[PDB]
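A.B. asks: Just structure09.cif, nothing more (mmCIF, C-alpha atoms):
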```cif
data_model
#
loop_
_atom_site.group_PDB
_atom_site.id
_atom_site.type_symbol
_atom_site.label_atom_id
_atom_site.label_comp_id
_atom_site.auth_asym_id
_atom_site.auth_seq_id
_atom_site.Cartn_x
_atom_site.Cartn_y
_atom_site.Cartn_z
ATOM 1 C CA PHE A 1 134.710 87.999 153.409
ATOM 2 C CA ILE A 2 133.568 90.944 151.271
ATOM 3 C CA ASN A 3 135.520 94.216 151.132
ATOM 4 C CA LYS A 4 132.490 96.511 151.148
ATOM 5 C CA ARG A 5 130.686 98.700 153.681
ATOM 6 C CA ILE A 6 127.235 97.130 153.568
ATOM 7 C CA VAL A 7 126.165 97.622 157.201
ATOM 8 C CA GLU A 8 127.938 99.947 159.631
ATOM 9 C CA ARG A 9 127.214 101.056 163.188
ATOM 10 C CA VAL A 10 126.947 104.850 163.014
ATOM 11 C CA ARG A 11 126.493 107.454 165.741
ATOM 12 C CA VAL A 12 123.679 109.992 165.492
ATOM 13 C CA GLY A 13 126.219 112.800 165.143
ATOM 14 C CA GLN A 14 127.507 111.452 161.813
ATOM 15 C CA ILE A 15 124.249 110.429 160.114
ATOM 16 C CA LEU A 16 124.532 113.331 157.652
ATOM 17 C CA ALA A 17 128.217 112.622 156.920
ATOM 18 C CA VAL A 18 127.462 110.860 153.615
ATOM 19 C CA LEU A 19 126.607 114.115 151.789
ATOM 20 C CA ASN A 20 129.441 114.305 149.272
ATOM 21 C CA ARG A 21 127.858 113.973 145.804
ATOM 22 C CA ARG A 22 127.204 117.015 143.613
ATOM 23 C CA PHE A 23 123.656 117.067 142.224
ATOM 24 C CA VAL A 24 122.383 119.388 139.484
ATOM 25 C CA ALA A 25 118.662 120.092 139.109
ATOM 26 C CA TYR A 26 116.629 122.255 136.747
ATOM 27 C CA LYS A 27 114.187 125.006 137.650
ATOM 28 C CA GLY A 28 110.498 124.189 137.834
ATOM 29 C CA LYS A 29 109.676 127.243 135.716
ATOM 30 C CA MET A 30 111.487 125.834 132.658
ATOM 31 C CA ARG A 31 110.422 122.905 130.496
ATOM 32 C CA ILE A 32 112.312 119.841 129.270
ATOM 33 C CA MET A 33 111.108 118.120 126.110
ATOM 34 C CA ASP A 34 112.336 115.332 123.837
ATOM 35 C CA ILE A 35 112.551 116.221 120.145
ATOM 36 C CA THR A 36 113.865 112.906 118.828
ATOM 37 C CA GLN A 37 110.670 112.349 116.823
ATOM 38 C CA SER A 38 111.004 115.842 115.311
ATOM 39 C CA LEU A 39 113.870 114.659 113.082
ATOM 40 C CA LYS A 40 111.486 112.782 110.757
ATOM 41 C CA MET A 41 109.028 115.667 110.236
ATOM 42 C CA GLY A 42 109.398 116.746 106.623
ATOM 43 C CA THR A 43 107.801 116.906 103.202
ATOM 44 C CA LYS A 44 108.853 115.895 99.706
ATOM 45 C CA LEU A 45 108.964 118.051 96.574
ATOM 46 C CA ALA A 46 107.363 116.642 93.434
ATOM 47 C CA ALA A 47 108.908 117.226 90.030
ATOM 48 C CA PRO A 48 106.716 119.206 87.603
ATOM 49 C CA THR A 49 104.924 117.280 84.868
ATOM 50 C CA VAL A 50 103.550 118.359 81.505
ATOM 51 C CA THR B 1 106.957 117.572 127.960
ATOM 52 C CA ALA B 2 107.704 118.098 131.656
ATOM 53 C CA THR B 3 106.545 121.397 133.164
ATOM 54 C CA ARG B 4 103.926 122.915 135.433
ATOM 55 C CA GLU B 5 100.412 122.880 133.993
ATOM 56 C CA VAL B 6 99.352 126.348 132.824
ATOM 57 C CA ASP B 7 96.011 126.761 131.056
ATOM 58 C CA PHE B 8 96.719 128.823 127.924
ATOM 59 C CA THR B 9 93.302 130.443 127.608
ATOM 60 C CA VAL B 10 92.720 133.561 125.517
ATOM 61 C CA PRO B 11 90.807 136.481 127.087
ATOM 62 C CA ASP B 12 88.947 139.282 125.319
ATOM 63 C CA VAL B 13 90.626 142.687 125.250
ATOM 64 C CA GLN B 14 87.420 144.717 124.884
ATOM 65 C CA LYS B 15 86.199 144.187 128.454
ATOM 66 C CA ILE B 16 89.706 144.846 129.787
ATOM 67 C CA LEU B 17 89.885 148.147 127.899
ATOM 68 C CA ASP B 18 86.399 149.109 129.094
ATOM 69 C CA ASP B 19 87.375 148.338 132.697
ATOM 70 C CA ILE B 20 90.549 150.410 132.336
ATOM 71 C CA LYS B 21 88.482 153.305 130.970
ATOM 72 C CA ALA B 22 85.954 152.988 133.807
ATOM 73 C CA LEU B 23 88.771 152.957 136.380
ATOM 74 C CA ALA B 24 89.555 156.600 135.535
ATOM 75 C CA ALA B 25 86.260 157.809 137.054
ATOM 76 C CA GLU B 26 87.104 156.661 140.591
ATOM 77 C CA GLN B 27 87.583 159.169 143.404
ATOM 78 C CA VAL B 28 90.328 158.746 145.992
ATOM 79 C CA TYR B 29 89.086 161.510 148.299
ATOM 80 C CA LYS B 30 85.707 162.051 149.948
ATOM 81 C CA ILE B 31 83.571 165.034 150.943
ATOM 82 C CA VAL B 32 82.200 165.232 154.493
ATOM 83 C CA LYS B 33 80.380 167.911 156.469
ATOM 84 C CA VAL B 34 82.111 167.274 159.816
ATOM 85 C CA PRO B 35 85.398 165.514 160.666
ATOM 86 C CA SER B 36 85.464 162.191 162.458
ATOM 87 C CA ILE B 37 85.665 162.076 166.246
ATOM 88 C CA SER B 38 89.289 161.820 167.358
ATOM 89 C CA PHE B 39 89.105 161.888 171.174
ATOM 90 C CA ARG B 40 86.901 160.399 173.880
ATOM 91 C CA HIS B 41 86.703 160.636 177.657
ATOM 92 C CA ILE B 42 86.141 158.181 180.506
ATOM 93 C CA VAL B 43 84.798 159.450 183.831
ATOM 94 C CA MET B 44 85.479 157.925 187.249
ATOM 95 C CA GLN B 45 84.148 158.449 190.769
ATOM 96 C CA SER B 46 86.183 161.667 190.950
ATOM 97 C CA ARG B 47 84.555 165.012 190.193
ATOM 98 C CA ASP B 48 87.785 166.885 189.390
ATOM 99 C CA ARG B 49 89.657 164.481 187.079
ATOM 100 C CA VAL B 50 88.847 162.273 184.082
#
```
Now that the file is in, can you turn its structure into structure tokens?
C.D. replies:
Amino acid sequence: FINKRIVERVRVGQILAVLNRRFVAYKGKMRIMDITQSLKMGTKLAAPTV
Amino acid sequence: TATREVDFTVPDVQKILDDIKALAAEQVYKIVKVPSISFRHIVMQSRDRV
């Protein structure tokens, strides 16, 4: 006994009845990039010497 | 990055400007001595109608 719907006999008329999740996608004309490694890009300032 | 591949090549503006300048010498009209034929006739076995 398992209280889950693993295998179910489904008519052809209700094949597409499982469409209930909202999906968000991005345009192909825009870019997505990861800038995690950009946090360590920097330079130090040396003190003047005489 | 994740985007469509676009080749960021640099063109030369001199040839483009020369082509734009040369485009101003084109002629949209034309000069002819006689107009084109606009009607034709088909004859049949009759001698009074075509």
A.B. asks: Kindly give the distance, in Å, that separates atom CA of residue 7 of chain A and atom CA of residue 20 of chain A, rounded to a single decimal.
C.D. replies: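 Going from atom CA of residue 7 of chain A over to atom CA of residue 20 of chain A, I get 18.8 Å.
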A.B. asks: Find the residues in chain B near chain A: any atom within 8 Å counts, using all atoms listed in the file. Write them as a PDB file with C-alpha atoms, in the frame of the given file.
C.D. replies:
```pdb
ATOM      1  CA  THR B   1     106.957 117.572 127.960  1.00  0.00           C
ATOM      2  CA  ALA B   2     107.704 118.098 131.656  1.00  0.00           C
ATOM      3  CA  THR B   3     106.545 121.397 133.164  1.00  0.00           C
ATOM      4  CA  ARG B   4     103.926 122.915 135.433  1.00  0.00           C
TER       5      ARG B   4
END
```
A.B. asks: Please measure the separation of atom CA of residue 23 of chain B and atom CA of residue 11 of chain B, giving the value in Å to one decimal.
C.D. replies: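 Interatomic distance here is 19.0 Å.
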A.B. asks: Can you tell me how far atom CA of residue 6 of chain A sits from atom CA of residue 21 of chain A, in Å to one decimal?
C.D. replies: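 Taking atom CA of residue 6 of chain A as the start and atom CA of residue 21 of chain A as the end point, the length is 18.6 Å.
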A.B. asks: Box time for segment 16-22 of chain B: axis-aligned, enclosing all its listed atoms, 4 Å extra on each side; report centre and edge lengths in Å to one decimal, as AutoDock Vina command-line options.
C.D. replies:
```
--center_x 88.3 --center_y 149.1 --center_z 130.9 --size_x 12.6 --size_y 16.5 --size_z 13.9
```
A.B. asks: Could you add whatever atoms are missing so that segment 5-39 of chain B carries N, CA and C atoms, then write the result as a CSV table (one decimal), keeping the file's coordinate frame?
C.D. replies:
```
chain,number,residue,atom,x,y,z
B,5,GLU,N,101.6,122.7,134.8
B,5,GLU,CA,100.4,122.9,134.0
B,5,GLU,C,99.9,124.3,134.1
B,6,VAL,N,99.9,125.0,132.9
B,6,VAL,CA,99.4,126.3,132.8
B,6,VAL,C,98.3,126.3,131.7
B,7,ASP,N,97.1,126.8,132.0
B,7,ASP,CA,96.0,126.8,131.1
B,7,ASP,C,96.2,128.0,130.2
B,8,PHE,N,96.5,127.7,128.9
B,8,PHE,CA,96.7,128.8,127.9
B,8,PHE,C,95.4,129.2,127.3
B,9,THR,N,94.6,129.9,128.1
B,9,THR,CA,93.3,130.4,127.6
B,9,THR,C,93.5,131.9,127.1
B,10,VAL,N,92.7,132.2,126.1
B,10,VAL,CA,92.7,133.6,125.5
B,10,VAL,C,91.6,134.4,126.1
B,11,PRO,N,91.9,135.6,126.6
B,11,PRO,CA,90.8,136.5,127.1
B,11,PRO,C,90.4,137.4,126.0
B,12,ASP,N,89.4,138.3,126.3
B,12,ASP,CA,88.9,139.3,125.3
B,12,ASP,C,89.4,140.7,125.8
B,13,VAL,N,90.0,141.4,124.9
B,13,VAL,CA,90.6,142.7,125.2
B,13,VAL,C,89.6,143.8,125.4
B,14,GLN,N,88.4,143.6,124.9
B,14,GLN,CA,87.4,144.7,124.9
B,14,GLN,C,86.9,145.0,126.3
B,15,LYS,N,86.6,144.0,127.1
B,15,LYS,CA,86.2,144.2,128.5
B,15,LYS,C,87.3,144.8,129.3
B,16,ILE,N,88.6,144.3,129.0
B,16,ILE,CA,89.7,144.8,129.8
B,16,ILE,C,89.9,146.3,129.5
B,17,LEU,N,89.8,146.7,128.2
B,17,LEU,CA,89.9,148.1,127.9
B,17,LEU,C,88.7,149.0,128.5
B,18,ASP,N,87.5,148.4,128.5
B,18,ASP,CA,86.4,149.1,129.1
B,18,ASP,C,86.6,149.3,130.6
B,19,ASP,N,87.1,148.2,131.3
B,19,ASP,CA,87.4,148.3,132.7
B,19,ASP,C,88.5,149.4,133.0
B,20,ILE,N,89.5,149.4,132.2
B,20,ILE,CA,90.5,150.4,132.3
B,20,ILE,C,90.0,151.8,132.2
B,21,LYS,N,89.1,152.0,131.2
B,21,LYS,CA,88.5,153.3,131.0
B,21,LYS,C,87.6,153.7,132.2
B,22,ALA,N,86.8,152.7,132.7
B,22,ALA,CA,86.0,153.0,133.8
B,22,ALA,C,86.7,153.2,135.1
B,23,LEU,N,88.0,152.7,135.2
B,23,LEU,CA,88.8,153.0,136.4
B,23,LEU,C,89.2,154.4,136.5
B,24,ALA,N,89.1,155.2,135.5
B,24,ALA,CA,89.6,156.6,135.5
B,24,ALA,C,88.5,157.5,136.2
B,25,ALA,N,87.3,157.0,136.4
B,25,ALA,CA,86.3,157.8,137.1
B,25,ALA,C,86.2,157.7,138.6
B,26,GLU,N,87.1,156.9,139.2
B,26,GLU,CA,87.1,156.7,140.6
B,26,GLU,C,87.6,157.9,141.3
B,27,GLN,N,87.2,158.0,142.6
B,27,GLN,CA,87.6,159.2,143.4
B,27,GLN,C,88.3,158.6,144.6
B,28,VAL,N,89.5,159.2,144.9
B,28,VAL,CA,90.3,158.7,146.0
B,28,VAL,C,89.9,159.5,147.3
B,29,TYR,N,89.5,160.7,147.1
B,29,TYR,CA,89.1,161.5,148.3
B,29,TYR,C,87.6,161.3,148.6
B,30,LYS,N,87.1,162.0,149.6
B,30,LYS,CA,85.7,162.1,149.9
B,30,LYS,C,85.4,163.4,150.6
B,31,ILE,N,84.1,163.8,150.5
B,31,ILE,CA,83.6,165.0,150.9
B,31,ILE,C,82.7,164.8,152.1
B,32,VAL,N,83.0,165.4,153.3
B,32,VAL,CA,82.2,165.2,154.5
B,32,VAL,C,81.8,166.6,155.0
B,33,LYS,N,80.8,166.7,155.8
B,33,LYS,CA,80.4,167.9,156.5
B,33,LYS,C,81.1,168.2,157.8
B,34,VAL,N,81.4,167.1,158.6
B,34,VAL,CA,82.1,167.3,159.8
B,34,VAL,C,83.2,166.2,159.9
B,35,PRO,N,84.3,166.5,160.5
B,35,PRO,CA,85.4,165.5,160.7
B,35,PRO,C,85.0,164.4,161.7
B,36,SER,N,85.7,163.3,161.6
B,36,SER,CA,85.5,162.2,162.5
B,36,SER,C,85.9,162.5,163.9
B,37,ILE,N,85.3,161.9,164.8
B,37,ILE,CA,85.7,162.1,166.2
B,37,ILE,C,87.0,161.5,166.5
B,38,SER,N,87.9,162.2,167.1
B,38,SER,CA,89.3,161.8,167.4
B,38,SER,C,89.7,161.7,168.8
B,39,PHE,N,88.8,162.0,169.8
B,39,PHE,CA,89.1,161.9,171.2
B,39,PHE,C,87.8,161.5,172.0
```
